[PDB]
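Here is what each chain is made of, one letter per residue.
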Amino acid sequence: XXXXXXXXXXXXXXXXXXXXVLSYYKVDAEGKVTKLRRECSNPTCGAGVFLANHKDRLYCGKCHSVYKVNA
Amino acid sequence: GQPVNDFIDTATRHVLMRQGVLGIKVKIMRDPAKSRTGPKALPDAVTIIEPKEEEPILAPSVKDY
RNA sequence: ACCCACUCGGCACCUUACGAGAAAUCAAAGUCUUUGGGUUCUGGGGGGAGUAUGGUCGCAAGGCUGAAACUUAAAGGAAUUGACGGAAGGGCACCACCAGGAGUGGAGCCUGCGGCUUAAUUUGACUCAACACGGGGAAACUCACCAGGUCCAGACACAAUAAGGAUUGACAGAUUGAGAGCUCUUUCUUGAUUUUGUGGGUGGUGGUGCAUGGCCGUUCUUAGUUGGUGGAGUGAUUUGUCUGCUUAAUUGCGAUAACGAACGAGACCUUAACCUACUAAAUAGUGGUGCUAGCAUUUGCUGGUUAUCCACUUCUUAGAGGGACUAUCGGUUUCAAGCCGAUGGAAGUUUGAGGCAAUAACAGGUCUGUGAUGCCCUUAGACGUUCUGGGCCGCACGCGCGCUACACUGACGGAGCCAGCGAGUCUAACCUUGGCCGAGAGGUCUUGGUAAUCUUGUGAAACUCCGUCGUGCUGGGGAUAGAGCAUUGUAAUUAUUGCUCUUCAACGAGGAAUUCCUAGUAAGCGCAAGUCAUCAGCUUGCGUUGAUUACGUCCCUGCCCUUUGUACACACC
Ligand SMILES: [Mg+2]
Ligand SMILES: [Mg+2]
Ligand SMILES: [Mg+2]
Ligand SMILES: [Mg+2]
Ligand SMILES: [Mg+2]
Ligand SMILES: [Mg+2]
Ligand SMILES: [Mg+2]
Ligand SMILES: [Mg+2]
Ligand SMILES: [Mg+2]
Ligand SMILES: [Mg+2]
Ligand SMILES: [Mg+2]
Ligand SMILES: [Mg+2]
Ligand SMILES: [Mg+2]
Ligand SMILES: [Mg+2]
Ligand SMILES: [Mg+2]
Ligand SMILES: [Mg+2]
Ligand SMILES: [Mg+2]
Ligand SMILES: [Mg+2]
Ligand SMILES: [Mg+2]
Ligand SMILES: [Mg+2]
Ligand SMILES: [Mg+2]
Ligand SMILES: [Mg+2]
Ligand SMILES: [Mg+2]
Ligand SMILES: [Mg+2]
Ligand SMILES: [Mg+2]
Ligand SMILES: [Mg+2]
Ligand SMILES: [Mg+2]
Ligand SMILES: [Mg+2]
Ligand SMILES: [Mg+2]
Ligand SMILES: [Mg+2]
Ligand SMILES: [Mg+2]
Ligand SMILES: [Mg+2]
Ligand SMILES: [Mg+2]
Ligand SMILES: [Mg+2]
Ligand SMILES: [Mg+2]
Ligand SMILES: [Mg+2]
Ligand SMILES: [Mg+2]
Ligand SMILES: [Mg+2]
Ligand SMILES: [Mg+2]
Ligand SMILES: [Mg+2]
Ligand SMILES: [Mg+2]
Ligand SMILES: [Mg+2]
Ligand SMILES: [Mg+2]
Ligand SMILES: [Mg+2]
Ligand SMILES: [Mg+2]
Ligand SMILES: [Mg+2]
Ligand SMILES: [Mg+2]
Ligand SMILES: [Mg+2]
Ligand SMILES: [Mg+2]
Ligand SMILES: [Mg+2]
Ligand SMILES: [Mg+2]
Ligand SMILES: [Mg+2]
Ligand SMILES: [Mg+2]
Ligand SMILES: [Mg+2]
Ligand SMILES: [Mg+2]
Ligand SMILES: [Mg+2]
Ligand SMILES: [Mg+2]
Ligand SMILES: [Mg+2]
Ligand SMILES: [Zn+2]
């Protein structure tokens, strides 16, 4: 046929990063628990799901993307 | 010809083997005498009914009833 | 000299074959396993090789005598059946010719093929039997090619990672052709579905039609193939299956060691023709009647009225029948099969035209129709797939099929005005009448039809008639090109198609060559169907108008058949 070429640089993938995560939540001196990061007022996401903290940006990942709550 | 439609069944079948494939081709010609619902013979066939020896003569005479 | 009969001994031929032989053949090649008349010579698988060597003869060239090593499974004879020939004799045919028709080959464009060009211009096929072919009319798709971007739709098994998360997704920005979380930033989400690895799969319009199936084309517009009992032969085989005649035909007659048969041809089937006979019909139509228009008026003539009723089946439809068997008569022939002419006939060229179609062959074409398939390749930086964009249309030019022309048997313009084969919309937008608007293309409002019901009598085109033009590249011809308007489509640029104005090329009948054709045929002419969102200069069918010329032959070509040769049989590649 022909075989091969490449001006180079192959494309990669993704990782789902790492993170021992949900440390986010904080409980005081025995044993009251206060949530850090605020949750979602979409009926689909019964307020377990949180909003990621960027800039302007607070965002529901559970809603696969859906919705832009901003505080 | 037409008798083909009437009297022969055919089938082709592809038989897939380890090496390649073979073609089986079967042809059956059925007794037309037995036809049942169609023509009982080939268009070819021409039977003559076989007469009968006659013992003629017997000078006139007539029967009455 | 000549004729007849006989007889010795010659050169030969004929027919037989009791007899011989592996056969071809042989009055010897007979009198041979029932093996002996006399005698002489030579051979003992093929090659090596009539070679080496010695002897001998010769002027020479050479003659006579004449080994082995080694190699090798056959070489060889006769006959049989095939195949094949640049041998001979016959035949068949408008993919041959004769007599001719209409052309192509010259021109413009259309369209395939080569070639060149190209990022790519995807590819198969190259005499008939490749090139308007792959149903191949490609804007996306199709699509295979090119520039680039996603995705896994990587079954299953084992192992590994790993609930402290195996893995999944994404808002905005960056990026990107892109409102692709492709990747990146950032940091939520998801929860054992995946990820990684090996093994194994899977897809592929990737390769192989020289690995296959199936299908198809070609031989073939052909006429050939086989078995029973008999005859011949040791046998493979042959005769039957043939000199002739005849047919479209191994179709028949006839001849005959053959007789009588089967596949194939024929029969059969389909379609086109004929039925005042049969059965019928508001989804076909006719006559009467009513309701009614117009013109004459003296009855009349020409229409309207899917039901106002009555009757019919000529025309239309499709079931069942009938019909033709080359009939009658006559010529001709071996007085056979047949062929010819005349009359009759709807029909007498296999009635016309098709469908089916034996045995065998080809390295014909097709792996790019198939979830038909072997093997090879490839498989996540994919040859899987999808998305964006380009390409198959690229243009010094060679070849093929075509369309339109060169005008006056014509173009233009009024007017006349007649087909047949088709096809059309359900969970959808197909065939479209009618009304309006619009120069046109088209638009818009309604409408009938899943159909013998509506489109549609598809009022098709050639054609007919009355005019204009008047032989002038002319008002023949309409290539090329400019501007504008609409239609299909998400998309029209490289211009899908349609319309209007304008531009007005070559082409003045086409060299060598070459295609096709015998009656409703040729040629002219349109239409419907396929393809189809849109696009026919293509195909497949259809009807309309409708001739000239053969009704013969073997000259060309092609092919079948005998006879003949063969050292071929994988068969003259
Ligand atoms: Mg968190
Ligand atoms: Mg037949
Ligand atoms: Mg003999
Ligand atoms: Mg003898
Ligand atoms: Mg004698
Ligand atoms: Mg020897
Ligand atoms: Mg030697
Ligand atoms: Mg010597
Ligand atoms: Mg010597
Ligand atoms: Mg001398
Ligand atoms: Mg010697
Ligand atoms: Mg010697
Ligand atoms: Mg030897
Ligand atoms: Mg021979
Ligand atoms: Mg001629
Ligand atoms: Mg000519
Ligand atoms: Mg290709
Ligand atoms: Mg041919
Ligand atoms: Mg594409
Ligand atoms: Mg995707
Ligand atoms: Mg794997
Ligand atoms: Mg593997
Ligand atoms: Mg495939
Ligand atoms: Mg082949
Ligand atoms: Mg094949
Ligand atoms: Mg090939
Ligand atoms: Mg012919
Ligand atoms: Mg013969
Ligand atoms: Mg035979
Ligand atoms: Mg024939
Ligand atoms: Mg009157
Ligand atoms: Mg009156
Ligand atoms: Mg009738
Ligand atoms: Mg007559
Ligand atoms: Mg017929
Ligand atoms: Mg080949
Ligand atoms: Mg195939
Ligand atoms: Mg394959
Ligand atoms: Mg296909
Ligand atoms: Mg199949
Ligand atoms: Mg591939
Ligand atoms: Mg093309
Ligand atoms: Mg060519
Ligand atoms: Mg052609
Ligand atoms: Mg006219
Ligand atoms: Mg207007
Ligand atoms: Mg309707
Ligand atoms: Mg009609
Ligand atoms: Mg002129
Ligand atoms: Mg003109
Ligand atoms: Mg364009
Ligand atoms: Mg282009
Ligand atoms: Mg002019
Ligand atoms: Mg001419
Ligand atoms: Mg197109
Ligand atoms: Mg069409
Ligand atoms: Mg085509
Ligand atoms: Mg010889
Ligand atoms: Zn949410």
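For every chain, the first residue of the written sequence is numbered 1 and the count continues from 1 onward along that sequence, whatever numbering the entry uses; residues with no coordinates are hidden. Following the order in which they are written, the chains are lettered starting with A and the ligands numbered starting with 1. Any value mentioned applies to the visible chains, which represent part of a larger assembly rather than the whole. Values shown for side chains rest on all heavy atoms present in the structure; no hydrogens or waters enter the calculation. Residues with missing side-chain atoms are left out of burial classes, side-chain pairs and their counts.

- Method of structure determination, per the deposited record: cryo-EM was used for this entry, reaching 4.30 Å resolution.

## Digging into the overall build of chain A
Link 1 in the chain: Helix and strand counts for chain A stand at 0 helices and 5 strands.
Link 2 in the chain: Helical segments are the DSSP runs of H or I of at least four residues, strand segments are the runs of E of at least two, and each set is numbered from the N terminus. The order of α-helices and β-strands along chain A, N terminus first, is β-β-β-β-β.
Link 3 in the chain: Taken over C-alpha atoms, the radius of gyration is set against a globule rule of 2.2 Å times the number of residues to the power 0.38. In terms of C-alpha radius of gyration, chain A reaches 20 Å, well past the compact-globule figure of 11 Å for 71 residues.
Link 4 in the chain: C-alpha extents for chain A along the principal axes are approximately 70 × 30 × 25 Å.
Link 5 in the chain: Of all intrachain contacts in chain A linking residues separated by at least 6 positions in sequence, the fraction that spans at least 24 positions is 7%. The contact criterion used throughout is that any non-hydrogen atoms of two residues lie within 4.5 Å.

## Overview of the overall build of chain B
Link 1 in the chain: Secondary structure assignment for chain B yields 1 helix and 2 strands.
Link 2 in the chain: Secondary structure elements of chain B, listed N to C terminal, follow the sequence α-β-β.
Link 3 in the chain: Over its C-alpha atoms chain B spans a radius of gyration of 27 Å, topping by over 25% the 11 Å that the globule rule assigns to 65 residues.
Link 4 in the chain: Expressed along its principal axes, the backbone C-alpha trace of chain B runs to roughly 90 × 20 × 20 Å.
Link 5 in the chain: Throughout, exposure labels follow a simple rule: accessible area from a 1.4 Å probe, protein chains only, divided by the maximum for the residue type, with under 20% read as buried, over 50% as exposed, and the rest as partly exposed. Per-residue burial over chain B gives 5% buried out of 65 residues.
Link 6 in the chain: For chain B, the proportion of contacts with a sequence separation of at least 24, taken over those separated by at least 6, is 22%.

## What to know about the pattern of salt bridges
Link 1 in the chain: We note a salt bridge from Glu39 of chain A to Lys35 of chain A, for which the minimum N-O separation is 3.6 Å.
Link 2 in the chain: The partner of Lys34 of chain B in a salt bridge is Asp31 of chain B, and the shortest N-O contact between them spans 3.4 Å. For this analysis, a salt bridge means a side-chain nitrogen from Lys or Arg found within 4 Å of a carboxyl oxygen belonging to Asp or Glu.

## Things to note about the sheet that holds strand β5 (residues 68–69) of chain A
Residues and elements named next belong to chain A.
Link 1 in the chain: Across the sheet, 3 strands lie side by side as β3-β4-β5; this open sheet has antiparallel pairing. Each having just a single partner strand, β3 (51–53) and β5 make up the two edges of the open sheet.
Link 2 in the chain: DSSP bridges decide pairing: two strands pair if at least two such bridges lie between them. In this sheet, β5 lies alongside strand β4 (residues 58–60) in antiparallel orientation, the contact comprising 2 bridges. The partner of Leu58 across the bridge, within β5, is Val69.

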